[PDB]
There are 4 protein chains.
Amino acid sequence: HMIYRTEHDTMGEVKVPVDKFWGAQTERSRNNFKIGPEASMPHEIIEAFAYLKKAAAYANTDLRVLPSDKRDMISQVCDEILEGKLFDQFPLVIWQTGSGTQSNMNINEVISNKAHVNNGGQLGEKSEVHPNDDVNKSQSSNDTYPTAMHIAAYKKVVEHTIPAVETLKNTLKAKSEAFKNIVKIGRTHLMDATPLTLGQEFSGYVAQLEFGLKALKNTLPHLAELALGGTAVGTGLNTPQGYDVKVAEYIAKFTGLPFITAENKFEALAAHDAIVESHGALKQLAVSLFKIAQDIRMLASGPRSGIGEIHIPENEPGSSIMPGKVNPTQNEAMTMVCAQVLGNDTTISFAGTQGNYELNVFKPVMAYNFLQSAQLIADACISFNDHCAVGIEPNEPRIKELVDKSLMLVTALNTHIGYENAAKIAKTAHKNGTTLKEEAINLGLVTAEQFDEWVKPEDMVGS
Amino acid sequence: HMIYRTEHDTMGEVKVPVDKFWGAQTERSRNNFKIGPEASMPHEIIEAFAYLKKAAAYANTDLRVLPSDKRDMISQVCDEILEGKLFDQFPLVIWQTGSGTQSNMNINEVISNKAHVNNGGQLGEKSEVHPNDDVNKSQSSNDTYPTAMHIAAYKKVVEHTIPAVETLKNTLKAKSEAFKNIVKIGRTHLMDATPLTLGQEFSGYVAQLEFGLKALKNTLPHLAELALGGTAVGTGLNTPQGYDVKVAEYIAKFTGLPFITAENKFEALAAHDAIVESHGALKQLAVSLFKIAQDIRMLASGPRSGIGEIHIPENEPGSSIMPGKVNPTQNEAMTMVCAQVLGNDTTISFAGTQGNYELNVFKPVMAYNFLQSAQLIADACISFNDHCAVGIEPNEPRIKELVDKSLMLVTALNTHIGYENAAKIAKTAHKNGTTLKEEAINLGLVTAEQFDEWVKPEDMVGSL
Amino acid sequence: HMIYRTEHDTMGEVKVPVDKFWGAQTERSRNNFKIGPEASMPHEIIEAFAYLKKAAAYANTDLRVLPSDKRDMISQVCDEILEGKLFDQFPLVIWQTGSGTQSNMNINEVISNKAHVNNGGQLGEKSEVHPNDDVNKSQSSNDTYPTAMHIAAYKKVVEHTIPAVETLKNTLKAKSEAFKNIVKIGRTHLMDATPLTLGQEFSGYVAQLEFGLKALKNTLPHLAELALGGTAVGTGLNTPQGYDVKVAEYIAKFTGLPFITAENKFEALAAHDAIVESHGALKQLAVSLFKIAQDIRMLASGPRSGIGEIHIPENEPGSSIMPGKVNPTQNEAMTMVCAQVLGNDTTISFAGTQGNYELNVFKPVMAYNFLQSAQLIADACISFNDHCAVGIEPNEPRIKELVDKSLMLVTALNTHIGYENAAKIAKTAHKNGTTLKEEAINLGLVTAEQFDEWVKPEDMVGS
Amino acid sequence: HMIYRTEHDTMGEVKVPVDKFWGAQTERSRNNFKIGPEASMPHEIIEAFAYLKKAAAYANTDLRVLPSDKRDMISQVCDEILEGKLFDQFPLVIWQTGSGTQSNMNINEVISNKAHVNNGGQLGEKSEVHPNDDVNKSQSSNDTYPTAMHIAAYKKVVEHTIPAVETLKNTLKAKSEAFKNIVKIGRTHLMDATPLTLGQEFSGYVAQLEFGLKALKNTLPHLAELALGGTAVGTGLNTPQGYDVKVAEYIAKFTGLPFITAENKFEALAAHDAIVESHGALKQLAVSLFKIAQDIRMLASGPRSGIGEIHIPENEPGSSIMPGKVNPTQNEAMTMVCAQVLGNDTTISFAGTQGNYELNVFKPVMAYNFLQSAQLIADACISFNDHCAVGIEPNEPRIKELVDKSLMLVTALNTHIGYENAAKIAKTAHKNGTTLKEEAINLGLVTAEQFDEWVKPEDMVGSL
């Protein structure tokens, strides 16, 4: 069934699927890089290329190096890509050249061929829009791919990751306020400790997410800087005067995000330290999220022979062999995502060290890892919020049982009956399996009413 | 346009797309874990589940707890899955429950419903093969997902990763032999050193891959052990006597690989140390491959601004105004894959620490990272071999130019004038921009005839 | 020779070296944690404990829970520790409890016993200053160790790491300015590329360090927050009202650094996300420094059969067997330090995920890794600056040779003689081993004088 | 107060502290690499250099290139170093040249000068044993430092790490046997599951350590290969015929460990893949040890707010007002050590990728991280064994309380009433806060006598 057209270059003929909008160079690149599943370059990178190619055409026309009719042809195809209509025209993998050259050429060819069809021609004829001379005007593969990487990274963080974390933080803050008067037993070293409120414990999670949000936002100004206009080595050779600033202005306009031209194009090509910087903040959030998810599943564990202090939503059967068992599966998905982010940080950091001279040629692996972390954190925070956090409720009788049976409240008695008598009560309760109150009364040291007045858990959760 | 049928599990009713062969539990997971791209659980895991479900049915029939007609129904659908016909029936993500329960239930439901249709029934009616009582007989998610992970991991390593590395090693060995008489300049600390042959340098790469292959093969016996038969917590509750050994024998038969039952089912459920062990060896290979690929692009650097001791193939047309351009495409793809494997090792090691009590619930992320490393190493080694290594050739004039002018050829004068005198010659040439021979004569330390007789790079590539 | 005194607790007698100022609890802790070399807890942590113990005594006296005479006794020993006089009194390892409990008790015992000697008593007699009741008043091991960790971390970064990076950045900036007119050949993919100046290449390194400095400084406000006053679980039980704010004020005064009380004490005890945040910025600097050091040793490689574009200081013989060889050993030390920092980041991130409930009990390993990275980056930047960067000089003849022999300048001819003639010149030069100028002249396409006018490398390093 | 003598190398004159036995090159390094704490190069590396310098002298004398009287002078100082008498003569840091050249020169200079004093001369005079011509005869830094790294690494693993892990494994095995009849509740996903014995749970830990020991031992043959004899670039230039084999034999004799000469000297200089390989196995052990230590503190959590199924020893006095306090001191030390090993693996893997051409110049950082992991695992396993594992005891009343309460004991009714009816019972008790038996009677699904006869935890810890 597969029908081909025949294209030609200095390697000879090359068959291209007859209906596909890529060209000879993209087709050869499929075979040169058969590494992992086809088409693995992230769609967000292709979308970002559409933004920057449109902006380059607009800047080039303003600066009188590209005719406006060709700008319009290019821009129309870019809009189609941005609308999600052409993803099946991008068959190339992440694991291509480290400059992402083949993906740059893939969008140049697709824009060229689709423009020809939009102009009324037949796919496979020579286009009015030349892939290199027109679509790639004033550009290099070297400066286009890192621009796409930053556009995609910034957009994912600001439009997906941050909103998702913010929503989860808001839920945990509302829960913290709802739980502010529920006194529970602390655990340090996993061992019995002095009291705090369930709201205080949840307030820690809120504060962790607030700090992670601040830290991630701190990284945005460096990520906003774009390499476009540095061309092959950073000097801007082959760009019209002012192109750097103008093309960044168009990118900022079309994306609605505050992109600027990079202050130092050599730094922008030879390294991807902004990706290292921003990914470190994603990893900081993953570190906090792991701990939050871990605590919540421990607090919900049981329902009889674990901790059992909270209830969480029960969304699906947990087991076919153990009937009625339900597991904290949203917490599990979150902790697995966090494990992924920590390893993505290893990869990004390694790749970030490995630039040589004028160019870091690890760009696709850095982009792929960054976008994966940003996306998975966003998606897991949405899922965990909607399917776990919004439904957390206290098990007030279990919490109260733990408080009443604890030996750790005994020090409330020291100022009233002295250290030695307090210790005698705790030692007797421990030996007998009884409560502090039972032994305070039955040793004749404190009346029931005086004990209730002196040992108030709600008075033990502040200075 | 979406039409649903109504199904149920022990928790309630669930609307399931009318034409899909999964059931209530798969549909819940599909909707409850919208995390990353759709349907991301690796197809290798689904295929491995098909092998183990077929084996479990065969073992259950032999041990007289499942009728053979139901075995045949189950086995038929497993065959369809293995033939690649039913991947649209597996919509679940990696980022699900950490035991992989939901993918276990996905295959149980698909086998049950497709068997009913194969039997002449209507999709949605009660099946002759119950998903839990028949397809999951003698099993838990807790022992099935680890079993699928090991089957998939072992098969990827033995059928893909090892053959690809072996082929690349063979090419580098043939190149080493072809280059055994070409004397080049060593570089240590990036600085000019003493001679070695290009074949000797390439023989190092060969040895590195041979050691990595041995180290990876050393990890196979632990990876061959299967959890299947441990059921919920490791005790084998609800298995027929002898099921653990028999089901492993059927898995070994159907896969053609030497799987055995795990000696300790608690170790097999509560941790995935075999994945840590085997991935460490994949990472060892990636460390060596990075260095090999890095050296080859450095040796090829050019045409004029660098080293230029070797030529590498061109895989793209190039341009007429850029003659002699060098495009180290495969070196870049390989080094990026290696960077990926390093971080996959961090993830696997982290997840491997995190088992609690009777179960590690990081199983899908461990399986996904392992399979990715094994696949990308295999594919990158094939591509690097075919599009780079087989075509490496020496630039003999450039090699000779760079060896003949190394100042550290003065090491050859150590035996005649002492290491201190030789240092003064090399230090003087470096300061004056002159040659070794001219300064040795200027210093009155060596004559011209003595210099030509004593300084021969071809005599410096072996022992005394 | 070893003479002991005999102390006593409920485990029985314990021999303590007769002249040492620690007590029974520290002595037992030596044996309980024989893990790695003795005394490995960083001296900076001990110094930080001295600051916080002095501040706690001052706050406690102001708030009328500790007599001023005992404050003075405690403060005097703290001053001795800060003067570096008592490090031999701290024998405990990093690998103790994860709350650092044993090091807290070690300073409490040393302060107690040294105060007694300062008061005119004999070491081994009962002290006027009780280790727990006085030196540990209003405190827990749980809130003291993380306070010491932040004090030590912040001080190391601001007093050592940042100044060292700043100095190196300044040197590289001066070199960039000095080299601004030296045109050299770019390298992308390790392969010949279009020109840039040596000053432009060095300006990339400067920009990388400037961004890393900004990123590290962004992490300081979270690191300035101190846990002290949270006590065992975060509630501040057993502190006088206002102690949290007052003790942070004293710490800020005594250290001269802008410490504040943590806004959320649960976040401050249950996690060490500020250490993750700040270490990610140290790792970002290490990623940049690796690339900078790698480029510099590649550019200096040879001196005959490598790159050879720069000279670096030659500080020592590189080899005994190869006479006169000198190696870029400062670059090697730097790259090894950077490798260390990347693994320290793995450890800190792992430990940061592992808090449970009210307390993260991975505090010493996080503190040790953080201080090691901050110290090694500082020391390597000083050494690399003084013994390499200040002495970098261009090899102008070698740089010029590479420019004159490059095929990459041929595109300067396109607008003057056309693509086809330019390509003919490049193809002929490549085939013959000659220069572009030689073939332009000898093909009769360009005169020598016209070639020099049209192909000016200094005009090819901007837009 | 500081008095110096004047020395020189091929680069110029150097002032050396008058009473120190090092020379000009050590003094340059001491002053040029003020990075981290003073004198940080591991003493195990210095000791390993003493073994290899003694072996080189013995091999050189046998092969007729060094007189036996000079061999004896060198060997005597090597013995003094091995006895621990000269560590004050080694002031250099890890963070020096990446080949470790400066530490090689440090031992050459110290041997030379101490031999002269041993011969009756004055420190600072010309020695009978030349540091380069005699002590470094047939050697380079490029082959000596990797040799020292392997000697030190292998000795630490076999003489410290393996014995410590083996002892801990034996203790856990004895505990598993002692606990084989104590039925406890399994936990999966942290949730109450079906029973297993406490001995079964501990047997998982034993199996994990056994696999880690096997994996570590599998890495020993690569680690046994020594670079010595490759000299500057791997060719063996300037070695006598047969020196590589003979010097390895002397190293094996003097250390008592089964070292051999490396099969490929280029692989042995340009990469440290054996360190990557062996460290991955140390990291595998650390991954298992983390999980074991984590479980033990979770099982001990208490006295009243947690699980409390086991007792662990107390190692500190405690306080009268805090009876029953549990202090999981060794679990914290162990888990922190394990966190350290994970990051050491990142560093070693990164450095292992970074060799260029004939030499990897990340040798000291690789050696330092490897030795730290091997040492800390050994010490932590000794401490954890002696101060925690040997004293673990069951809390049998608490264990029984927690198993009798598990709703997943309802799994035992599956064979009688079906998985769906059993689910309703457990779901009802969970909703109502009642017991399984009470709801099963209320639902009319099981009688009281049938429940007592059918539900027995002790019958659920094996197969059908």
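Residues numbered from 1 in each chain as written, not as in the entry; some residues may be left out. Chains lettered and ligands numbered in written order. Heavy atoms only, no water. Residues with missing side-chain atoms left out of burial classes, pairs and counts.

## Quick word on the overall build of chain B
Looking only at helices and strands, one finds 17 helices and 8 strands in chain B. On C-alpha atoms alone, chain B measures out to a radius of gyration of 30 Å, which is more than a quarter above the 23 Å that the 2.2 N^0.38 rule sets for 464 residues. Considered along the principal axes of its C-alpha atoms, chain B spans approximately 100 × 50 × 35 Å. Sequence-distant contacts, at least 24 apart, represent 72% of the contacts inside chain B between residues at least 6 apart. (Helix = DSSP H or I, 4+ residues; strand = E, 2+ residues; numbered from the N terminus. Rg over C-alpha atoms; globule rule 2.2 N^0.38 Å. Contact = heavy atoms within 4.5 Å.)

## A look at the overall build of chain A
For chain A, the helix and strand inventory stands at 18 helices and 8 strands. A compact globule built from 463 residues should have a C-alpha radius of gyration of about 23 Å, whereas chain A, at 31 Å, is more than 25% larger. Projected onto its principal axes, the C-alpha positions of chain A cover 100 × 50 × 35 Å. In chain A, the proportion of contacts linking residues at least 24 apart, taken out of those at least 6 apart, comes to 73%.

## With respect to the interface of chain A and chain B
Many authors give the size of an interface as the accessible area that is lost as the parts come together. At the interface, 59 residues of chain A touch 65 residues of chain B. Across the chain A/chain B interface, buried area totals approximately 4,900 Å², and carbon plus sulfur atoms make up 60% of it. Area buried by chain A at its contact with chain B is led by A:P317, A:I321 and A:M336, which between them contribute 14% of it. Taken together, chain A and chain B are joined by 0 salt bridges. Taken together, the links from chain A to chain B amount to 22 residue pairs in polar contact. Top element by residues in the side of chain A that touches chain B is helix α12 (residues 329–353) of chain A. It accounts for 15 residues. (Buried area = accessible area lost by both parts, 1.4 Å probe. Salt bridge = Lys/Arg side-chain N within 4 Å of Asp/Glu carboxyl O. Polar contact = N/O pair within 3.5 Å; in protein donor to acceptor, adjacent residues only side chain to side chain.)

## Observations regarding the packing of aromatic side chains
One pass over the full model with this rule turns up 42 aromatic pairs over all chains. Taken together, a centroid distance of 5.3 Å and an interplanar angle of 85° make the contact between A:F290 and B:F350 edge-to-face. Of this pair, A:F290 sits in helix α11 (residues 273–299) while B:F350 sits in helix α12 (residues 329–353), which puts the two residues in different chains. Across the pair, exposure class does not vary: A:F290 and B:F350 are buried alike. One aromatic cluster is present, formed by A:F290, B:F350, B:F362, C:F350, C:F362 and D:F290 through successive ring pairs. (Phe/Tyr/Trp six-rings, centres within 6.5 Å; stacked < 30°, edge-to-face > 60°. Buried < 20%, exposed > 50% of the residue type's maximum accessible area, 1.4 Å probe, protein only.)

## Structural notes on the relation of the copies chain D and chain B
For the match of chain D to chain B, the screw axis carries a shift of 0.0 Å, the RMSD comes to 0.0 Å, and the turn is 180°. When the rotation and shift are considered jointly, the pair of chain copies conforms to a two-fold rotation axis. By C-alpha distance to the rotation axis, the residue of chain D lying nearest is D:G280, at 2.8 Å. An overlap of 99% is found between the interface residues of chain D and their copies at the interface of chain B, pointing to a shared contact surface. (Least-squares fit on C-alpha atoms.)

## With respect to the domain arrangement of chain A
Residue and element names in this part refer to chain A. When its domains are assigned, chain A resolves into domain 1 (5–140), domain 2 (141–408) and domain 3 (409–460). Between the C-alpha centres of domain 2 and domain 3 the distance comes to 45 Å. With 9 residues of domain 2 at the interface, the matching set in domain 3 holds 11 residues. Where domain 2 abuts domain 3, roughly 750 Å² becomes buried across the two surfaces, and 68% of that area is made up of carbon and sulfur atoms. Three residues stand out in domain 2 for area buried against domain 3, namely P195, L407 and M408, and they jointly supply 57% of the buried area on that side. Counting across the interface, domain 2 meets domain 3 through 0 salt bridges. (Domains from an automatic or database assignment.)

## Some details on the interface of chain D and chain B
Between chain D and chain B, the residue contacts involve 77 residues of the former and 76 residues of the latter. Those elements that place two or more of their residues in the side of chain D that touches chain B are β3 (183–188), β4 (191–197), α7 (198–218), α10 (265–270), α11 (273–300), α12 (329–353) and α16 (419–432) of chain D. Ranked by the residues each element gives to the side of chain D that touches chain B, the list is headed by α11(D), at 13 residues. Of the residues belonging to the side of chain D that touches chain B, the class tally is 30 nonpolar, 35 polar and 12 charged. (Nonpolar A, V, L, I, M, F, W, Y, C, P; charged D, E, K, R; others polar.)

## Details of unusual backbone geometry
Cis geometry is found at the peptide bond from C:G302 to C:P303, where omega equals 10°. Take C:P303: it is sitting in the loop between α11 (273–299) and β7 (310–311). Between D:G302 and D:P303 the backbone carries a cis peptide bond, its omega angle lying at 10°. Assignment of secondary structure puts D:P303 in the loop between α11 and β7 (310–311). If you check the backbone angles, A:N238 has positive phi at about 75° while not being a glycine. Locating A:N238 in the fold gives a position in the loop between β5 (225–226) and α9 (243–255).

## Observations regarding the packing of helix α2 (residues 43–62) of chain C against helix α4 (residues 101–118) of chain C
All names here are of chain C. Between α2 and α4, the shortest axis-to-axis distance is 11 Å and the interhelical angle comes to 65°. In this structure, the crossing between α2 and α4 has a hand that is right-handed. Contacts between α2 and α4 involve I46, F49, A50 and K53 from the first element and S103, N104, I107, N108 and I111 from the second. Across the contact of α2 with α4, the residue classes tally to 5 nonpolar, 3 polar and 1 charged. (Axes fitted to C-alpha atoms, helices over the stretch in contact; angles between N-to-C directions. Left-handed = near helix turned anticlockwise from the far one by under 90°.)

## Looking at the pairing of strand β4 (residues 191–197) of chain C
Residue and element names in this part refer to chain C. The buried count for β4 comes to 7 of 7 residues, which makes it a mostly enclosed element. Pairing between strand β3 (residues 183–188) and β4: 5 bridges, direction antiparallel. Counterpart to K184 in the pairing with β4 is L196. Between β3 and β4, which pair antiparallel one after the other, the connecting turn spans 2 residues, and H189 there sits at a positive phi close to 65°. (Pairing = 2+ DSSP bridges.)

## Focus on the packing of helix α6 (residues 141–178) of chain C against helix α13 (residues 363–387) of chain C
Residue and element names in this part refer to chain C. Running from N to C, α6 and α13 cross one another at 15°; their axes reach a closest spacing of 8 Å. Compared by their axis directions, α6 and α13 come out roughly parallel. Seen from above, α6 lies across α13 with left-handed handedness. When its residues are assigned to classes, the contact of α6 with α13 shows 20 nonpolar, 7 polar and 2 charged. (Parallel < 35°, antiparallel > 145°, perpendicular 65-115°, else oblique.)

## Description of the side chain of D:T261
All names here are of chain D. Tracing the backbone shows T261 in strand β6 (residues 260–261). Look at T261 and you get buried, because its relative accessible area is 19%. A distance of 2.8 Å separates polar atoms of two side chains, one belonging to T261 and the other to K265. In this structure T261 touches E225, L226, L228, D244, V245 and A248, once residues within four positions along its chain are discounted.

## A few points about helix α14 (residues 396–405) of chain A
Residue and element names in this part refer to chain A. Along α14, the residues that are buried comprise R398, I399, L402 and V403. Projected down its long axis, α14 carries its buried residues within an arc of 135°, all on one side. Looking at the packing, one finds that the buried side of α14 touches β3 (183–188), α7 (198–218) and β8 (393–394). With a side-chain oxygen lying 3.1 Å from the backbone nitrogen of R398, the N-terminal cap of α14 falls on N395. (Arc of directions from axis to C-beta.)

## Looking at the pattern of salt bridges
For side chains bearing opposite charge, pairing can occur when the charged atoms are close. Scanning all chains against the criterion turns up 97 salt bridges over all chains. Of the charged contacts, one joins A:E401 and A:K405 as a salt bridge, the two residues approaching to 2.8 Å between their closest N and O atoms. You can see A:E401 and its partner A:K405 sitting in helix α14, 4 residues apart, about one turn around the helix. The partner of D:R30 in a salt bridge is D:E27, with the nearest N and O atoms 2.8 Å apart. A residue pair is termed a helical-turn pair when its members lie 3 or 4 positions apart in one helix, as D:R30 and D:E27 do in helix α1 (residues 24–32) at 3 residues.

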